[PDB]
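Asker: I am attaching a structure below and will ask some questions about it afterwards.
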Amino acid sequence: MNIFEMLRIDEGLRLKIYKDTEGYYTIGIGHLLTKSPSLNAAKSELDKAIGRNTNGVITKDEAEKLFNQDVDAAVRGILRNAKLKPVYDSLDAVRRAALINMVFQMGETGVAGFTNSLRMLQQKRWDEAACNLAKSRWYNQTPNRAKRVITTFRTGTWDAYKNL
Ligand SMILES: *SCC1=CC(C)(C)N(O)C1(C)C
Ligand SMILES: [Cl-]
Ligand SMILES: [Cl-]
Ligand SMILES: [Cl-]
């Protein structure tokens, strides 16, 4: 298991534009296109992202390319964020992956706002952090995925992902 395999499990793989859990146009492995309710706007973003006239369909290689860029962006974002960097730096590789997962799903600013959870993580108060993380819109809207990510932070193991 690794951050790529983890996010692949959590995000799935779809080669045609689809709506994500929040109802936003997405493609590939959780590649958010736009928050706009316009399918045309989403197709424009897609074409720009891929560099060709796609008309809402991409190949597996293209999906994997956007995925690689998105994972890189999440990591890059964590490192440039004053709140996220110290937490990330303090964690082991498995827990680092859990933090990248959250950033991939909700964005740098979103995760940076989890002030209390971040402090507990920094303090290595694993059970306390896990309890705090669940007190969120995140957990309530995507509980199965949040449970996996939280288990990863609580245990520092890939237990939540090994049978998936
Ligand atoms: S958040 C910690 C916690 C409190 C209580 C309601 C007793 N629980 O079942 C858990 C372990 C979730
Ligand atoms: Cl998804
Ligand atoms: Cl992009
Ligand atoms: Cl879920």
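Identifiers in this document derive from the order of the structure tokens: chains are assigned A, B, ..., residues are numbered from 1 separately in each chain, and ligands are numbered from 1 in order of occurrence.
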Produce a table with one row for each residue of chain A that has an atom at most 9 Å from any atom of ligand 1, each row naming the nearest atom pair and its distance in Å at one decimal; use only C-alpha atoms and all ligand atoms; arrange rows by chain and rising residue number; format as a tab-separated table.

Answerer:
residue	atom	partner	partner_atom_place_in_ligand_line	distance
A:127	CA	ligand 1	2 (C)	8.0
A:128	CA	ligand 1	1 (S)	7.3
A:129	CA	ligand 1	1 (S)	8.9
A:130	CA	ligand 1	1 (S)	7.3
A:131	CA	ligand 1	1 (S)	3.7
A:132	CA	ligand 1	1 (S)	6.4
A:133	CA	ligand 1	1 (S)	8.7
A:134	CA	ligand 1	1 (S)	7.2
A:135	CA	ligand 1	1 (S)	7.9

Asker: With N, CA and C atoms kept, could you save the residues just selected as a short mmCIF file (atom, residue, chain, number, x, y, z; two decimals), in the first residue's frame?

Answerer:
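Now in part26.cif:
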data_model
loop_
_atom_site.label_atom_id
_atom_site.label_comp_id
_atom_site.auth_asym_id
_atom_site.auth_seq_id
_atom_site.Cartn_x
_atom_site.Cartn_y
_atom_site.Cartn_z
N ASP A 127 -5.52 8.38 19.55
CA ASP A 127 -6.95 8.12 19.82
C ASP A 127 -7.75 9.42 19.93
N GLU A 128 -7.19 10.42 20.61
CA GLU A 128 -7.81 11.73 20.78
C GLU A 128 -8.01 12.42 19.43
N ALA A 129 -6.96 12.38 18.60
CA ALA A 129 -7.01 12.95 17.24
C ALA A 129 -8.13 12.28 16.44
N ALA A 130 -8.19 10.96 16.50
CA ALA A 130 -9.19 10.18 15.77
C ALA A 130 -10.61 10.58 16.19
N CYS A 131 -10.82 10.76 17.50
CA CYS A 131 -12.12 11.16 18.04
C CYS A 131 -12.48 12.55 17.54
N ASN A 132 -11.50 13.46 17.52
CA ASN A 132 -11.75 14.84 17.10
C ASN A 132 -12.06 14.95 15.60
N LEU A 133 -11.31 14.19 14.80
CA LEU A 133 -11.50 14.19 13.33
C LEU A 133 -12.90 13.81 12.88
N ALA A 134 -13.55 12.95 13.66
CA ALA A 134 -14.89 12.46 13.32
C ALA A 134 -16.01 13.48 13.58
N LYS A 135 -15.70 14.53 14.33
CA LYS A 135 -16.64 15.60 14.66
C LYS A 135 -16.57 16.63 13.54
#

Asker: Select from stretch 13-115 of chain A every residue with an atom at most 9 Å from any atom of stretch 154-162 of chain A, then for each give the shortest pair of atoms and their distance in Å to one decimal, using only C-alpha atoms, rows by chain and rising number, as JSON lines.

Answerer:
{"residue": "A:92", "atom": "CA", "partner": "A:156", "partner_atom": "CA", "distance": 7.6}
{"residue": "A:93", "atom": "CA", "partner": "A:156", "partner_atom": "CA", "distance": 8.4}
{"residue": "A:94", "atom": "CA", "partner": "A:156", "partner_atom": "CA", "distance": 5.6}
{"residue": "A:95", "atom": "CA", "partner": "A:156", "partner_atom": "CA", "distance": 5.7}

Asker: May I have the residues from that selection written out with N, CA, C and O atoms, as a PDB file, in the first residue's frame?

Answerer:
ATOM      1  N   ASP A  92       5.039   9.868  10.625  1.00  0.00           N
ATOM      2  CA  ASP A  92       5.637   8.704   9.968  1.00  0.00           C
ATOM      3  C   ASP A  92       5.034   8.646   8.549  1.00  0.00           C
ATOM      4  O   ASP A  92       4.035   9.327   8.272  1.00  0.00           O
ATOM      5  N   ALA A  93       5.611   7.818   7.670  1.00  0.00           N
ATOM      6  CA  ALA A  93       5.160   7.729   6.265  1.00  0.00           C
ATOM      7  C   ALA A  93       3.696   7.310   6.046  1.00  0.00           C
ATOM      8  O   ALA A  93       3.036   7.810   5.119  1.00  0.00           O
ATOM      9  N   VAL A  94       3.186   6.416   6.888  1.00  0.00           N
ATOM     10  CA  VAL A  94       1.792   5.949   6.770  1.00  0.00           C
ATOM     11  C   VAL A  94       0.833   7.097   7.111  1.00  0.00           C
ATOM     12  O   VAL A  94      -0.117   7.395   6.358  1.00  0.00           O
ATOM     13  N   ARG A  95       1.087   7.763   8.235  1.00  0.00           N
ATOM     14  CA  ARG A  95       0.253   8.913   8.624  1.00  0.00           C
ATOM     15  C   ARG A  95       0.399  10.099   7.655  1.00  0.00           C
ATOM     16  O   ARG A  95      -0.563  10.846   7.432  1.00  0.00           O
TER      17      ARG A  95
END

Asker: Would you tabulate, counting only C-alpha atoms and all ligand atoms, all residues of chain A that have an atom at most 8 Å from an atom of ligand 2, showing the closest pair of atoms and their distance in Å to one decimal, sorted by chain then ascending number, as a tab-separated table?

Answerer:
residue	atom	partner	partner_atom_place_in_ligand_line	distance
A:10	CA	ligand 2	1 (Cl)	7.0
A:11	CA	ligand 2	1 (Cl)	3.9
A:12	CA	ligand 2	1 (Cl)	5.6
A:13	CA	ligand 2	1 (Cl)	7.5
A:20	CA	ligand 2	1 (Cl)	5.4
A:21	CA	ligand 2	1 (Cl)	7.0
A:26	CA	ligand 2	1 (Cl)	7.4
A:27	CA	ligand 2	1 (Cl)	7.9
A:29	CA	ligand 2	1 (Cl)	6.4
A:30	CA	ligand 2	1 (Cl)	4.3
A:31	CA	ligand 2	1 (Cl)	7.7

Asker: From the list A:47, A:66, A:23, A:15, which residue is nearest ligand 3 when using only C-alpha atoms and all ligand atoms?

Answerer: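 Of all the options, A:66 lies closest to ligand 3.
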
Asker: What gap, in Å, lies between atom CA of residue A:114 and atom 1 (Cl, counted along the ligand's line) of ligand 4?

Answerer: 19.0 Å

Asker: Dump the neighbourhood of ligand 4 as number ranges by chain: all residues within 6 Å, distances computed on only C-alpha atoms and all ligand atoms.

Answerer: A: 142-145

Asker: Could the residues that lie within 9 Å of ligand 3, counting only C-alpha atoms and all ligand atoms, be listed as a VMD selection string?

Answerer: chain A and resid 31 to 33 45 to 46 48 to 50 66 69 to 70

Asker: Which parts of chain A does DSSP call strand (DSSP E or B) when run on the backbone here, written out as a VMD selection string?

Answerer: chain A and resid 14 to 19 25 to 28 31 to 32 57

Asker: Within 10 Å of residue A:73, counting only C-alpha atoms, which residues qualify if same-chain residues fewer than 2 places away don't, as a PyMOL selection string?

Answerer: chain A and resi 67-71+75-79+100+103-104+107-108

Asker: Include N, CA and C atoms and write out the residues we just selected as a CSV table (one decimal), in the first residue's frame.

Answerer:
chain,number,residue,atom,x,y,z
A,67,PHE,N,-4.0,12.2,-12.2
A,67,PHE,CA,-3.8,11.7,-10.8
A,67,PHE,C,-2.4,12.0,-10.3
A,68,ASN,N,-1.4,11.7,-11.1
A,68,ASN,CA,0.0,12.0,-10.6
A,68,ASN,C,0.1,13.5,-10.3
A,69,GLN,N,-0.4,14.3,-11.2
A,69,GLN,CA,-0.3,15.8,-11.0
A,69,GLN,C,-1.0,16.2,-9.7
A,70,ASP,N,-2.2,15.6,-9.4
A,70,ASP,CA,-3.0,15.9,-8.3
A,70,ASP,C,-2.4,15.5,-7.0
A,71,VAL,N,-1.8,14.3,-7.0
A,71,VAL,CA,-1.1,13.8,-5.8
A,71,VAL,C,0.1,14.7,-5.5
A,75,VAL,N,0.7,17.1,-2.0
A,75,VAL,CA,2.0,17.1,-1.3
A,75,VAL,C,2.6,18.5,-1.3
A,76,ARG,N,2.7,19.1,-2.4
A,76,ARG,CA,3.3,20.4,-2.7
A,76,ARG,C,2.6,21.4,-1.8
A,77,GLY,N,1.3,21.3,-1.7
A,77,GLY,CA,0.4,22.2,-1.0
A,77,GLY,C,0.6,22.1,0.5
A,78,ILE,N,0.7,20.9,1.0
A,78,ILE,CA,1.0,20.6,2.4
A,78,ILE,C,2.3,21.3,2.8
A,79,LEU,N,3.4,21.1,2.0
A,79,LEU,CA,4.7,21.6,2.3
A,79,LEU,C,4.8,23.2,2.3
A,100,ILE,N,-2.2,13.5,3.2
A,100,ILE,CA,-2.2,13.8,1.8
A,100,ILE,C,-3.6,13.4,1.3
A,103,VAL,N,-6.1,16.2,2.2
A,103,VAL,CA,-5.8,17.4,1.3
A,103,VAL,C,-6.3,17.1,-0.1
A,104,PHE,N,-6.1,15.9,-0.7
A,104,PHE,CA,-6.6,15.6,-2.0
A,104,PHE,C,-8.1,15.8,-2.0
A,107,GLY,N,-8.8,19.9,-0.1
A,107,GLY,CA,-8.0,21.0,-0.3
A,107,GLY,C,-7.1,21.5,0.9
A,108,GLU,N,-6.0,22.1,0.6
A,108,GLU,CA,-5.1,22.6,1.6
A,108,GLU,C,-5.8,23.5,2.6

Asker: By how many Å are atom CA of residue A:58 and atom CA of residue A:16 apart?

Answerer: 6.6 Å
